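Okay, structure first, notes after.
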Amino acid sequence: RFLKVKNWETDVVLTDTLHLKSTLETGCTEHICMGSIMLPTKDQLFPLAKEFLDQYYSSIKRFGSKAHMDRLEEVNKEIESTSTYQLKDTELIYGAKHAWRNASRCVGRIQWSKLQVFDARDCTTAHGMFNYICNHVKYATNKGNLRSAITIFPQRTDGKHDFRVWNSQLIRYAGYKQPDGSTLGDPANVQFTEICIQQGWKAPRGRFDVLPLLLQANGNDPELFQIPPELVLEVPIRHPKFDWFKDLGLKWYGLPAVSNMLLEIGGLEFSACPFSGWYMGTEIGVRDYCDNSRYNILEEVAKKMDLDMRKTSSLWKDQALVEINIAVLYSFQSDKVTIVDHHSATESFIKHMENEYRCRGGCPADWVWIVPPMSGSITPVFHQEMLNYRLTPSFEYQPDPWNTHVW
Amino acid sequence: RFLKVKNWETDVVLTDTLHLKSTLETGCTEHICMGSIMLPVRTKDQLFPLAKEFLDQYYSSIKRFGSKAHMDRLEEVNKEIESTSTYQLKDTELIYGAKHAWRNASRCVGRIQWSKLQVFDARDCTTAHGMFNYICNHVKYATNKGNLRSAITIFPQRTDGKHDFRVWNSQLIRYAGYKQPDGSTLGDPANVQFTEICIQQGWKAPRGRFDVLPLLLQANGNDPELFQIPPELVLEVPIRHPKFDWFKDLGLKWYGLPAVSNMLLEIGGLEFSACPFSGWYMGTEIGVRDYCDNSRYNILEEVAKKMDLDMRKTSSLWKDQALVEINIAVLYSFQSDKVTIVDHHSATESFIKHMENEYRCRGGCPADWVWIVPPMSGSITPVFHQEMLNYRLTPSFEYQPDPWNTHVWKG
Ligand code: HEM
Ligand code: HEM
Ligand SMILES: Cc1cc(N)nc(CCc2cc(CCCN(C)C)cc(F)c2F)c1
Ligand SMILES: Cc1cc(N)nc(CCc2cc(CCCN(C)C)cc(F)c2F)c1
Ligand SMILES: C[C@H](O)[C@H](O)[C@H]1CNc2nc(N)[nH]c(=O)c2N1
Ligand SMILES: C[C@H](O)[C@H](O)[C@H]1CNc2nc(N)[nH]c(=O)c2N1
Ligand SMILES: [Zn+2]
């Protein structure tokens with residue numbers, strides 16, 4: 001019940017006391033571990049609010065103080081009255097920073113305290129949402145000196161007036177199924193690209209077309225907006241040794257900005273809460289470029305490298321994979337766009353884990369997600385035992401809006 | 001109940017019913033997942049249910065469930081338990097049990113081969129010398145001049161826990177490690193503590209970088225005894241690279257036979273504390289872990305130095321680049337010497353086919369994603385994208401404490 005995690009590369013042992021404060025369920029039981037599964041009223045609300053305010057006033061060292069008890073009473077009064085409540089700006093910032101702090105699948109959490117929170121709870125329309133998102137994108141991009149940010153739209157009320165960004169990420173490339181049978185652009189976005197066209201978009205039908213925003217305010221039908229191209233910082237991908245690499249015609253965008261998750265703070269649900277940081281190189285070079293269900297460029301790159309692709313045991317995929325990821329990192333660094341390699345990021349996370357175990361009693365972590373998708377065991381996180389549990393405030397998945405929208 | 005797993009690369013969805021036959025714990029609760037934790041004396045009281053369940057599974061598999069043979073065997077095992085406090089497996093049941101322990105090993109990516117396992121019954125063994133002979137015959141048979149064959153040798157089961165058979169080596173073939181006074185390590189740093197034991201037990205150590213450790217063998221709970229595996233039985237492969245002529249001058253080799261010897265085989269409640277088993281290597285076990293773990297031979301720096309990679313900043317991925325070349329070299333060398341090896345692409349693709357086949361014919365395939373995904377190039381192998389359910393079936397291989405931590409020495 002007071003659990004130990006061992007690093008097998010260093011024999012360092014950490015004692016986890018923080019998991020005792022876990023709340024939500026993992027999907028695992030004593031009989032079955034679901035560690036690798038991707039997606040496992042007034043009465044409920046005040047306990048949730050109390051739990052959150054308790055940790056908030058603890059964190060400002062005012063637990064049990066007059067202002068603590070007064071705030072508890074005031075929120076208790078507001079819930080009994082209005083059946084919901086509103087967060088103080090200070091509680092919103094704390095809650096968002098801690099939702100990131102608690103994201104067990106996120107390797108970049110050493111940065112959790114340096115998050116810019118943009119309060120958009122006064123937003124009422126999709127044009128207003130667009131304005132807030134443009135400002136977010138511009139602030140976060142910062143001419144390539146990327147800065148972590150989240151923009152928080154009004155919280156769910158009766159579930160009929162939900163704010164939603166229909167895009168999975170603020171910036172993503174379109175996908176189109178060809179008549180010739182293959183897929184042009186990003187195959188992961190084929191369905192969303194269709195819903196954009198099915199709603200009015202004029203697709204360039206290119207290979208790297210930045211999708212438009214599909215913004216839903218107050219439960220209304222979503223609306224299309226093109227992000228000003230001058231706000232979308234892209235990096236052409238070249239290799240520091242292979243001159244032919246540029247001819248592949250590859251590029252990626254600088255800003256990873258997740259926009260389809262649900263932020264839960266003190267029982268309140270923020271269905272529209274796009275957040276952004278900066279890329280770890282493998283997200284682009286390993287997953288975006290080399291997944292078979294994505295841009296799937298391994299064969300082409302290996303061909304240009306003249307590797308023996310007859311036998312898998314030549315490890316031509318592995319060689320091509322390394323070179324692609326060298327190019328991504330080289331390209332972003334050359335254009336002075338913030339990026340972190342998986343070696344630096346995972347070393348940071350170990351440092352962060354040691355920091356969290358010391359100053360917080362633990363750090364929930366999902367090994368399946370934390371270990372990078374290449375070169376796993378030469379990064380320190382591979383040898384790090386991790387305890388996965390759900391702390392709140394939290395980011396949660398939610399259904400895709402088109403499956404839900406009472407049209 | 002029914003459980004679904006999804007492959008996110010292919011959208012294939014499979015339905016697991018086999019998890020309903022799970023018994024042991026995982027370590028996880030509704031409140032905590034212990035999926036990345038490495039490591040999560042038995043009376044007649046619990047033994048006959050464990051026996052009966054195993055015998056039900058056995059007779060079901062041979063399409064004789066409820067037969068007179070099945071009922072007689074239950075009766076015979078029952079009386080043997082209450083009369084003798086244990087029981088003996090028939091040869092057929094031991095073979096079935098050992099194959100199914102492998103089949104049930106959720107951390108093993110090589111399980112497509114589970115039904116082709118050579119079982120050597122060593123339950124008549126009584127002395128460390130007898131153990132040495134059986135293990136030599138295992139090594140010779142499994143090596144097969146490089147055409148490796150899977151095998152397991154099963155020594156007498158535990159009785160009162162005071163007469164255990166144990167192989168003190170973690171693996172039958174492993175290189176020594178020696179901590180130098182200056183703090184550096186000669187040889188395999190993983191084996192330093194075991195090497196010191198062997199030396200203390202009288203092994204004359206050559207003190208090189210690739211010294212095959214002696215076998216340290218404990219029969220019937222007696223003090224363990226040192227034996228040298230005949231060198232002609234130890235197949236080794238010098239490591240060279242197909243393009244880099246300087247790679248051979250690194251002086252690396254490895255042994256061909258991966259033979260785990262420290263695990264416990266549980267069949268029908270019986271505990272076989274000494275059950276060495278062997279198959280063939282997946283290249284990454286050597287090229288990634290053995291050679292490139294910081295706590296092992298740790299050759300990335302020297303390989304990257306010889307490649308003249310940019311080693312000043314990690315973002316050059318000089319480590320990843322050297323890792324691939326080292327793993328090309330291991331695979332090239334084993335193939336060139338005609339020693340069975342499998343690359344991680346082939347192994348993972350076969351495992352997916354095996355897993356799909358198990359879902360169809362068996363209702364599931366327990367699998368530990370954390371261990372199944374290879375330690376390099378994770379997401380370009382099909383297992384990375386495969387959801388997996390981990391649960392414990394018996395028969396099973398289990399960890400047991402290291403024998404030097406528990407042995408009562410005779411002197
Ligand atoms: C600043 C640098 C950051 C880095 C390097 C980083 C890195 C990563 C990576 C590599 C993943 C794996 C996800 C995938 O492979 O698709 C991830 C997941 C995640 N990140 Fe971070 N991230 C950063 C910033 C942030 C911020 C600012 C937030 C929220 C405020 C956040 C919240 C999350 C969450 C919730 C997940 C998991 C979501 C899911 O399960 O799909 N991250 N991060
Ligand atoms: C024949 C080809 C085989 C291949 C390619 C193979 C491959 C592997 C690999 C790569 C691992 C993880 C090893 C590590 O990282 O330490 C593993 C684990 C395991 N293998 Fe297999 N194996 C094979 C045969 C066998 C056999 C014959 C048995 C038993 C009869 C077996 C039982 C196990 C068990 C019990 C584990 C769990 C290891 C643990 O928890 O420490 N394997 N296998
Ligand atoms: C802020 C930030 C920084 C950074 N470096 N990367 C990212 C992308 C990571 C990511 C991806 C997904 C998609 C999940 C579905 N996908 C598995 C198919 C959902 C997330 F909430 C998430 F954070 C974000
Ligand atoms: C038969 C076979 C084939 C193959 N290819 N490889 C292997 C080695 C795999 C392995 C290793 C370990 C020690 C784990 C050390 N770790 C816990 C720190 C224990 C095992 F039971 C096991 F099977 C075996
Ligand atoms: C902490 C973590 O569980 C540990 O490093 C595991 C990860 N996965 C592994 N996978 C394999 N095949 N072998 C290992 O030794 C490990 N080690
Ligand atoms: C099935 C498996 O859980 C799935 O492929 C996971 C594995 N680990 C991952 N890890 C990260 N960081 N991102 C991912 O999308 C995934 N996918
Ligand atoms: Zn679990």
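Identifiers in the structure tokens: chain A, B, ... in order shown; residue index from 1 per chain; ligand index from 1 in order shown.
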Problem - Interface residues on chain A facing chain B, 6 Å, only C-alpha atoms, written as a PyMOL selection string - result: chain A and resi 9+25-26+28-37+293+313+341+373-377+385-389
Practice task
Could you give me, as a count of residues only, the residues within 10 Å of residue 59 (chain B), counting only C-alpha atoms and dropping anything in the same chain fewer than 4 positions from it?
Solution key: 12
Problem - 9 Å contact set for residue 379 (chain A), only C-alpha atoms, chain neighbours under 6 positions out, as an NGL selection string - result: :A and (342-344 or 346-347 or 371-372)
Expected file: the selected residues, C-alpha atoms, as a PDB file, in the first residue's frame:
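Resulting contents of result-v1.pdb:
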```pdb
ATOM      1  CA  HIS A 342      13.676  11.377 -27.163  1.00  0.00           C
ATOM      2  CA  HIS A 343      16.970  11.018 -25.288  1.00  0.00           C
ATOM      3  CA  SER A 344      16.741  14.474 -23.723  1.00  0.00           C
ATOM      4  CA  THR A 346      13.114  10.910 -21.296  1.00  0.00           C
ATOM      5  CA  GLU A 347      16.111  11.976 -19.229  1.00  0.00           C
ATOM      6  CA  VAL A 371       8.793   4.843 -23.563  1.00  0.00           C
ATOM      7  CA  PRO A 372       9.537   6.358 -27.001  1.00  0.00           C
TER       8      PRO A 372
END
```
Exercise for the section: Quick one: everything within 8 Å of residue 84 (chain A), counting only C-alpha atoms, minus sequence neighbours fewer than 2 positions away in the same chain. Send it as a ChimeraX atom specification. Expected result: /A:42,45,78-82,86,157,268
Write out, as a tab-separated table (two decimals), in the first residue's frame, the residues just selected, with N, CA and C atoms.
```
chain	number	residue	atom	x	y	z
A	42	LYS	N	-26.43	16.91	-8.62
A	42	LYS	CA	-25.90	17.79	-7.57
A	42	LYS	C	-25.10	17.03	-6.53
A	45	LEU	N	-21.37	16.40	-7.24
A	45	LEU	CA	-20.52	17.54	-7.56
A	45	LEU	C	-19.79	18.08	-6.33
A	78	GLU	N	-23.15	27.78	-3.83
A	78	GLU	CA	-23.37	27.97	-5.26
A	78	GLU	C	-23.89	26.71	-5.93
A	79	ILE	N	-23.43	25.54	-5.47
A	79	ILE	CA	-23.88	24.27	-6.05
A	79	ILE	C	-25.32	23.97	-5.65
A	80	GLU	N	-25.62	24.05	-4.35
A	80	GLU	CA	-27.01	23.92	-3.91
A	80	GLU	C	-27.92	24.86	-4.69
A	81	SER	N	-27.46	26.09	-4.94
A	81	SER	CA	-28.27	27.07	-5.64
A	81	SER	C	-28.32	26.81	-7.14
A	82	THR	N	-27.17	26.91	-7.82
A	82	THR	CA	-27.12	26.91	-9.27
A	82	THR	C	-26.95	25.53	-9.89
A	86	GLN	N	-18.50	28.10	-10.37
A	86	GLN	CA	-17.46	28.69	-11.19
A	86	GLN	C	-16.15	28.72	-10.42
A	157	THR	N	-22.56	22.44	-19.24
A	157	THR	CA	-23.68	22.78	-18.37
A	157	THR	C	-24.66	21.62	-18.30
A	268	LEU	N	-15.96	19.88	-12.45
A	268	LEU	CA	-16.41	20.63	-13.62
A	268	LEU	C	-15.73	20.10	-14.87
```
Which residues of chain A sit at most 8 Å from ligand 3, using only C-alpha atoms and all ligand atoms? Give each one's shortest atom pair and distance in Å (one decimal place), in chain and ascending residue order, as a Markdown table.
```
| residue | atom | partner | partner_atom_place_in_ligand_line | distance |
| --- | --- | --- | --- | --- |
| A:38 | CA | ligand 3 | 17 (C) | 7.4 |
| A:106 | CA | ligand 3 | 23 (F) | 6.9 |
| A:108 | CA | ligand 3 | 5 (N) | 7.1 |
| A:148 | CA | ligand 3 | 1 (C) | 7.5 |
| A:168 | CA | ligand 3 | 13 (C) | 7.1 |
| A:169 | CA | ligand 3 | 12 (C) | 7.9 |
| A:255 | CA | ligand 3 | 3 (C) | 8.0 |
| A:256 | CA | ligand 3 | 24 (C) | 4.9 |
| A:257 | CA | ligand 3 | 1 (C) | 5.2 |
| A:258 | CA | ligand 3 | 21 (F) | 5.4 |
| A:259 | CA | ligand 3 | 21 (F) | 7.6 |
| A:260 | CA | ligand 3 | 21 (F) | 7.4 |
| A:261 | CA | ligand 3 | 21 (F) | 6.1 |
| A:275 | CA | ligand 3 | 1 (C) | 5.5 |
| A:276 | CA | ligand 3 | 1 (C) | 3.8 |
| A:277 | CA | ligand 3 | 1 (C) | 4.3 |
| A:278 | CA | ligand 3 | 5 (N) | 4.7 |
| A:279 | CA | ligand 3 | 5 (N) | 3.7 |
| A:280 | CA | ligand 3 | 5 (N) | 5.1 |
| A:283 | CA | ligand 3 | 6 (N) | 7.1 |
| A:395 | CA | ligand 3 | 21 (F) | 7.6 |
| A:397 | CA | ligand 3 | 21 (F) | 7.7 |
```
Polymer residues at most 8 Å from residue 151 (chain A), only C-alpha atoms, same-chain spacing of 2 or more positions, as a PDB file with N, CA and C atoms, in the first residue's frame:
```
ATOM      1  N   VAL A 117      -2.129  29.731 -19.018  1.00  0.00           N
ATOM      2  CA  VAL A 117      -3.544  29.392 -19.044  1.00  0.00           C
ATOM      3  C   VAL A 117      -4.295  30.594 -19.605  1.00  0.00           C
ATOM      4  N   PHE A 118      -5.046  30.388 -20.691  1.00  0.00           N
ATOM      5  CA  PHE A 118      -5.877  31.424 -21.302  1.00  0.00           C
ATOM      6  C   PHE A 118      -7.322  31.130 -20.951  1.00  0.00           C
ATOM      7  N   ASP A 119      -7.884  31.971 -20.093  1.00  0.00           N
ATOM      8  CA  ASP A 119      -9.269  31.861 -19.657  1.00  0.00           C
ATOM      9  C   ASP A 119     -10.177  32.372 -20.766  1.00  0.00           C
ATOM     10  N   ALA A 120     -10.863  31.469 -21.455  1.00  0.00           N
ATOM     11  CA  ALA A 120     -11.843  31.858 -22.460  1.00  0.00           C
ATOM     12  C   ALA A 120     -13.260  31.524 -22.012  1.00  0.00           C
ATOM     13  N   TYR A 132      -9.907  33.260 -30.039  1.00  0.00           N
ATOM     14  CA  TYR A 132      -9.122  32.758 -28.915  1.00  0.00           C
ATOM     15  C   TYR A 132      -8.089  31.736 -29.387  1.00  0.00           C
ATOM     16  N   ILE A 133      -8.453  30.918 -30.368  1.00  0.00           N
ATOM     17  CA  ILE A 133      -7.521  29.877 -30.814  1.00  0.00           C
ATOM     18  C   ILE A 133      -6.386  30.495 -31.617  1.00  0.00           C
ATOM     19  N   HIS A 136      -4.085  31.891 -29.082  1.00  0.00           N
ATOM     20  CA  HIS A 136      -3.361  30.760 -28.513  1.00  0.00           C
ATOM     21  C   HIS A 136      -2.230  30.334 -29.439  1.00  0.00           C
ATOM     22  N   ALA A 149       0.796  26.284 -23.596  1.00  0.00           N
ATOM     23  CA  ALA A 149      -0.407  27.065 -23.369  1.00  0.00           C
ATOM     24  C   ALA A 149      -1.630  26.166 -23.409  1.00  0.00           C
ATOM     25  N   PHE A 153     -12.345  26.982 -22.650  1.00  0.00           N
ATOM     26  CA  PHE A 153     -13.650  27.489 -23.040  1.00  0.00           C
ATOM     27  C   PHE A 153     -14.681  27.162 -21.973  1.00  0.00           C
ATOM     28  N   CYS A 273     -10.718  22.583 -24.577  1.00  0.00           N
ATOM     29  CA  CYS A 273      -9.592  23.036 -23.786  1.00  0.00           C
ATOM     30  C   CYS A 273      -8.305  22.754 -24.555  1.00  0.00           C
ATOM     31  N   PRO A 274      -8.184  23.247 -25.787  1.00  0.00           N
ATOM     32  CA  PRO A 274      -6.984  22.966 -26.580  1.00  0.00           C
ATOM     33  C   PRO A 274      -5.728  23.360 -25.817  1.00  0.00           C
ATOM     34  N   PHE A 275      -4.739  22.463 -25.817  1.00  0.00           N
ATOM     35  CA  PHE A 275      -3.460  22.751 -25.195  1.00  0.00           C
ATOM     36  C   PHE A 275      -2.328  22.353 -26.135  1.00  0.00           C
TER      37      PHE A 275
END
```
